Structures are given as structure tokens and as C-alpha cells.
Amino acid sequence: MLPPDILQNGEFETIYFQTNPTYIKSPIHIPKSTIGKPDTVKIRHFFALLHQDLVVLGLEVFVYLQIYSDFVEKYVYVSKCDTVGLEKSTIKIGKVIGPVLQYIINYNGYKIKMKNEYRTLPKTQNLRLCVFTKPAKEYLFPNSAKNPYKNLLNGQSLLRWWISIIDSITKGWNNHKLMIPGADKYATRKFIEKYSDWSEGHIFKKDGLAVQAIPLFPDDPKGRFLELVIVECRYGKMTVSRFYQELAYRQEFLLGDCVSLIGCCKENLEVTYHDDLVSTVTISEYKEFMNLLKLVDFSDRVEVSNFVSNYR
């Protein structure tokens, strides 16, 4: 998952675990009218880099497997990524985030139970990588924002960073899409002028109803608007085009700092299923860890060190 020059034989350590794969309802509305509906399996990934007793950075990624008879639609959603900044930064953060996210994208050793011993997945996979960029001060690590070595990127800097990282791990993919809701075509294109494989737009179905095209990801700015569409039961009127038009005027975007949406796709990848023993936990155990994490003062070495030792 990480090369030797970053871990340095134990100078740095990793926290990495997955939830046990769990069947959920589709994050994209599928009319019960549809023929050959897929089963959806969700896996949460949590990663953190440790330097001796202290957390350096963290990354949370959710993987959704839409399992059809002959292929899988695989959505990889970056939930959260954050740094602590208690120590002067030794590794460039993208040299860690890039390889970890690439490992998670390509991981195919999930132990999936039968839908009511282990299910075998189709070999043909269509990949979708979904990332939003929004310069929040503390995605994962409370009160880290006033740590002395936390480098807080503004919105445009954060977007340039993510484009660089995502381009590096999606070489040869079929499309790379960028949208900055509320920005003109000219402003959006400047971010991808040096990226020949990137274009303006999004990766989802372009026509029809928005809730049948756009996935509802947790704690996603796009998903927050979709949630409103559904709670007001406008799911039968809202088109894809009008959804992205009105997304630009939401407070989170119009008052935000270069809030952007990235999507990348690779079609018809032949994969081989490949056991790779990693720590797996129940969803309750996963949530317990994340709830403990929210109660840590990441400006306080004592509390951070205590959190790490308790995990060990």
C-alpha cells in the first residue's frame, strides 16, 4: 500500500481497516420497475499515517459495488482527508494519499456473503471515482486547525492538489471530469488546461431524473441537495441538468471557496479476485472508532498519543 521510503521500517506506522462488506439499498434510485436490478455492497475504508505516537494524516473512502449478473459498477467515494500538523511535515502528503487511494480503488479481496458461503463477483468492472473539494479546516481531526504545522489550502489550491493526485492514479481511464458549480467555462478550464485527458462536466447520466442518475453519498455537498430533493418528494420532477444548475446557488457552493466536483471513469476492466488479508471490523466497531476520533483534541499531543495507544 505504501513504498519503503515512506514507512522507513517502522519510523512511520499505518492504521488501516475495512468494514465487513454490507448489503445496502442503492445510492442511486433504481425504480422497482427496472429489469435485472443490482445488489449493492458497501465497504468503508479508514487509513491513518502514524509517526511514533502521533497521527500525521487520515483518509476515509467508501466503496460501493453495484453487482449485476455480468459486471460490477464500482463507485469509489472519497469521504474525508485531513492532516494533523503537530509536527513539521516530513513527507509530501500526496505521496501518501495517492498510493493509498490507488490501493483502495484497485482492492478486490472483499469477502462478500451470499444474499439471502462467499459470493463470487463478475470479472468485468466499471470504475467510478468521485471526489469533492471543499477547503474545510478540520474534516477528521478536531481543533487541528490552529496546530503550528497544519498547512490549510485555500479552495483553488486544494482543487489543484486533488487534480494532480487524481490524474496520477487514473492514467488511461476513459474520462476525467471537473465541475465547479457557479463558475464560468473559462474559469473551470484553467484548472485542467495542462491535463489533456480532463474535460468539464460530470460522469453521471446526462438526461432524465436526477435521483436516477446521481448517487447519494454521505456528507457530500452534492448529496445534501439530493437529500432535499428527496425529502420534498421532488424526485419525480428534478432533471440532471436542472439539478446541477440549481446546485450552484446552494449556500455551500455560492458562499463557498471553489467548491468542486471531480469524477473519473474506467469502463470494462477485467479484474481477478485476489485475497489480501487486512483488518476487517463490524460497522459498530468502525463507528465506535470514528466517534472516539471526534472527541480527541488534536491540538493536544497527550490526547492524540492516548488515542493511538488505545487503538493499539
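Heads up: residue numbers just count along the shown sequence, starting at 1.
Chemist: Just how many deposited residues go unmodelled from residue 116 to residue 117: none, 1 to 3, 4 to 9, or 10 or more?
Modeler: The entry leaves 10 or more residues without coordinates here.
Chemist: Look over 62 to 70 and 28 to 36 in the entry and identify the one with the greater average Cα temperature factor.
Modeler: The deposited B-factors put 28 to 36 ahead on the C-alpha mean.
Chemist: On mean C-alpha B-factor from the PDB entry, just flag whether 254 to 262 or 267 to 275 is the higher one.
Modeler: For C-alpha atoms only, the mean B-factor is higher in 267 to 275.
Chemist: For the CA B factor values reported in this entry, which option in 147, 79, 157, 102 has the top one?
Modeler: Max CA B-factor in the entry, restricted to 147, 79, 157, 102: 147.
Chemist: Which listed residue, 133, 90, 164, 108, has the largest C-alpha temperature factor in the record?
Modeler: Comparing C-alpha B-factors across 133, 90, 164, 108, the maximum falls on 90.
Chemist: Grab the CA temperature factor for residue 53 from the record and place it in the lowest, middle or highest third of its chain.
Modeler: According to the entry, residue 53 has a C-alpha B-factor in the chain's highest third.
Chemist: Consider only the C-alpha atoms of the modelled residues in this chain, order them by B-factor as the entry records it, and name the third containing residue 220: lowest, middle or highest.
Modeler: Lowest third of the chain for residue 220's C-alpha B-factor.
Chemist: Looking at the entry's B-factor column for C-alpha atoms only, identify whether residue 183 ranks in the lowest, middle or highest third of its chain.
Modeler: Within its chain, residue 183 is a highest-third residue by C-alpha B-factor, going by the deposited values.
Chemist: Quick one: classify residue 75 as lowest, middle or highest third of the chain based on its Cα B-factor.
Modeler: Lowest third, going by the recorded CA B-factors of the chain.
Chemist: Looking at the temperature factor on the CA atom of residue 151, which third of the chain's modelled residues does it land in?
Modeler: It falls in the top third of the chain.
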